[PDB]
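These are the residues of each chain, in order.
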Amino acid sequence: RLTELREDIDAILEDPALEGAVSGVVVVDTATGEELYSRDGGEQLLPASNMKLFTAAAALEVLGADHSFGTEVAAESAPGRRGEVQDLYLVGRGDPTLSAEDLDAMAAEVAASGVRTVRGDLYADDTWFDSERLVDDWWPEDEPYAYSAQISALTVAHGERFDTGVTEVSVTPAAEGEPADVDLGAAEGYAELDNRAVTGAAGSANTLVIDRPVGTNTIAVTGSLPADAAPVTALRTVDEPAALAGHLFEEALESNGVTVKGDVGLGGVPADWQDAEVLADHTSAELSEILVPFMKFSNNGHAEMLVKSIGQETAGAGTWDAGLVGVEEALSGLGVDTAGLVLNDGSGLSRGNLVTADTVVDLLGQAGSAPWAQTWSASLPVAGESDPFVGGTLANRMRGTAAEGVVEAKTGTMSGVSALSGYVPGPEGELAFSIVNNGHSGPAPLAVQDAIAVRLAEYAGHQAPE
Ligand SMILES: *B(*)CNC(=O)Cc1ccccc1
Ligand SMILES: [Mg+2]
Ligand SMILES: [Mg+2]
């Protein structure tokens, strides 16, 4: 029975899609610790987004399932009879899920506290983290896209997925020959527009490009939207997430009757304030809840914020340097052997990251008997599950197969790197597996990843639902 399985997995790895590819494959029955499969379990490989497994584990260890994040508004002193304060400070402390609406709720609190005029400047304070926005080796041609958003302590999160530091751009065709209409979303009056996009003849070719040219804050739109095309929308990153948080907050104060006479800028709360008057605050949901939209959709912004939050917890330094030492420690503390790990970021985006697959499986072991096991395993995408907040990055994979509704795993794909790692729970035993692929040159071996995962779910004692 165990011998049959071993051969099958051999055959699934004969796939011509894994040509020129090193491939780490490890499976461990978790109730015994018996190794069911190993091939190159100790080869170091880029993990892409599976690196998040490591980050998420550390965040629960260091910050707690119970941990929550805060944002505050501060003046040097409370307002008086005339309802005047000088400078105002929006201070964010690494909340990954802060909305425009939470900003509006805070704006109303500022109004309900009796401020009617900010006479000075409004300052965006994100100094709870350092201002290194990007990891060193992340690719500049990549910076305009959501998963590559700049990192900050004070970032406005968009939508129910809480994609941070981005705005939504919408492009609507007009009459043929006229400029397309461009809508910059949140970032209106913040980010510059360069619109060269035009409406083309009805049923012509869509050639629309939406860019943020490197090292600018300008949204350059080019190409031709067909008169009859549906409205196009895209999430693009902005430069300086906090500053936009600031912008959006002035707008909210205006909408809540509180006038600003000054400027909106980056600024830290001065040291020489004696006892700041906190005029408004917001608390995020708890980590265990935030884990869900982070892990299901693989949120890179969240990953890195989390790392910088670990560096604040273990050292009081919202820094990649400190947080990464933080994660390594936490994993070690977990009983994980971190010899093969090289940690260069929390999202997996960096090509300096390295893992081995024994290591990943190891992590899955330890995190499995952890006090916070259920909140951990509940954040993993569940194969074939159509509801986006259950399925996640596995929603439209392994449908109609024994894997559907059972296999919980994290995904991870970029050029030449793909990974799948997680649990196959079943009647037989709760299995834990890791599949990491490097070298391959065509499409990502998702078929292969699937084949294995589906075999395991059967080995564990599941049948395809029909
Ligand atoms: B974690 C699931 N995400 C992805 O597969 C997209 C991604 C993100 C970061 C690194 C590689 C791939
Ligand atoms: Mg605006
Ligand atoms: Mg089943």
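Residues numbered from 1 in each chain as written, not as in the entry; some residues may be left out. Chains lettered and ligands numbered in written order. Heavy atoms only, no water.

What the entry reports as its method is X-ray crystallography, with 2.6 Å given for the resolution.

A. The arrangement of the nonpolar core in detail. Counting residues in each nonpolar core, the largest one holds 47 residues, and the members touching the most others are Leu53, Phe54, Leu287, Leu331, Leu363, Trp372 and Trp376. Looking at this core, the elements that each hand over two or more residues are α2 (51-62), α5 (287-296), α6 (300-315), α7 (320-333) and α8 (357-368). Here this core takes nine residues from α2, the largest share from any one element. Each of domain 1 (1-68 + 285-466) and domain 3 (130-240) gives at least three residues to this core. Dropping the residues within four chain positions of it, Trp376 is found in contact with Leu53, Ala56, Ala57, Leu60, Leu291, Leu363, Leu364, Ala367 and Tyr423. (Core = buried A, V, L, I, M, F, W, Y, C linked by side-chain atoms within 4.5 Å. Buried < 20%, exposed > 50% of the residue type's maximum accessible area, 1.4 Å probe, protein only. Helix = DSSP H or I, 4+ residues; strand = E, 2+ residues; numbered from the N terminus. Domains from an automatic or database assignment. Contact = heavy atoms within 4.5 Å.)

B. Summary view of the site of ligand 1. In the region of ligand 1, the neighbouring residues are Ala48, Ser49, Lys52, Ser298, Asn300, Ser347, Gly348, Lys410, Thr411, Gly412 and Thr413. Within the side chain of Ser298, a nitrogen or oxygen atom sits 2.7 Å from a nitrogen atom of ligand 1. Measuring from an oxygen atom of ligand 1, one finds a backbone N or O atom of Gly412 at 3.4 Å. Considering ligand 1 on its own, with 340 Å² of exposed area, one finds that the protein chains cover 84% of that surface. The pocket occupied by ligand 1, as judged from atoms lying within 2 Å of grid points, is the largest pocket. Among the residues making up the shell around ligand 1, the classes are represented as one nonpolar, eight polar and two charged. (Near = heavy atom within 4 Å. Polar contact = N/O pair within 3.5 Å; in protein donor to acceptor, adjacent residues only side chain to side chain. Areas by Shrake-Rupley, 256 points an atom, 1.4 Å probe, with all protein chains shown as cover. 1 Å grid on protein atoms, 1.4 Å probe; cavity = no way out; pocket = protein on both sides within 12 Å on 5 of 7 lines; lining within 4 Å. Sits in = over half its atoms within 2 Å of the grid points. Nonpolar A, V, L, I, M, F, W, Y, C, P; charged D, E, K, R; others polar.)

C. Geometry of the coordination of the magnesium ion (ligand 2). The coordination sphere of the magnesium ion (ligand 2), as far as protein atoms go, consists of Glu188 (O), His247 (NE2) and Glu251 (OE), spread over 1.9 to 2.2 Å. Written as a sequence motif, the donor arrangement for the magnesium ion (ligand 2) is E-x58-H-x3-E. One end of the pair is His247 and the other is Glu251, both in helix α4 (residues 241-255) and four residues apart, which spans about a single turn. (Donors = N, O, S within 2.8 Å, 3.2 Å for Na, K, Ca; no water.)

D. View of helix α1 (residues 2-12). Among all positions in α1, only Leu5, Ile9 and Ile12 are buried. One face of α1 carries all of its buried residues, which in axial projection span an arc of 55 degrees. Lining the buried residues of α1 we find β2 (35-39) and α11 (446-459). (Arc of directions from axis to C-beta.)

E. Quick peek at the pattern of salt bridges. Summed over the entire model, instances satisfying the criterion amount to ten salt bridges. Where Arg39 meets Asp10, a salt bridge forms, and the shortest distance between an N and an O atom there is 2.9 Å. Of this pair, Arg39 sits in strand β2 while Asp10 sits in helix α1, and the two are 29 residues apart along the sequence. The partly exposed category is assigned to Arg39, whose relative accessible area is 32%. (Salt bridge = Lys/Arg side-chain N within 4 Å of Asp/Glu carboxyl O.)

F. Main features of the environment of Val22. Tracing the backbone shows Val22 in strand β1 (residues 22-29). For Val22, a relative accessible area of 36% translates into the label partly exposed. As a C-alpha pair, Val22 and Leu45 span 23 residues in sequence and 8.4 Å in three-dimensional space. Setting aside residues up to four positions removed in sequence, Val22 forms contacts with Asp40, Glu43, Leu45, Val436, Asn437 and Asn438.

G. Region of interest: the packing of aromatic side chains. Within the structure shown, the criterion is met by five aromatic pairs. On the numbers, 4.8 Å between centres and 15 degrees between planes, the contact of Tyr89 with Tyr123 is stacked. Here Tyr89, found in strand β5 (residues 88-92), pairs with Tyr123, found in strand β7 (residues 122-125); they are 34 residues apart in sequence, far enough to count as distant. Looking at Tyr89, the relative accessible area reads 4%, which means it is buried. On the numbers, 5.0 Å between centres and 90 degrees between planes, the contact of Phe297 with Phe389 is edge-to-face. Residue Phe297 is found in the loop between α5 and α6, and its partner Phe389 is found in helix α10 (residues 388-391); the two are separated by 92 residues along the sequence. Look at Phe297 and you get buried, because its relative accessible area is 16%. By relative accessible area, which is 28% here, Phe389 ends up partly exposed. Site record: aromatic cluster; members linked through ring pairs are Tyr89, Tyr123 and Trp273. Of note, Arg161 hangs over the ring of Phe297, and the distance from its end group to the ring centre comes to 3.8 Å. (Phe/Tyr/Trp six-rings, centres within 6.5 Å; stacked < 30°, edge-to-face > 60°. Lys NZ or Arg CZ within 6 Å of the ring centre and 35° of its normal.)

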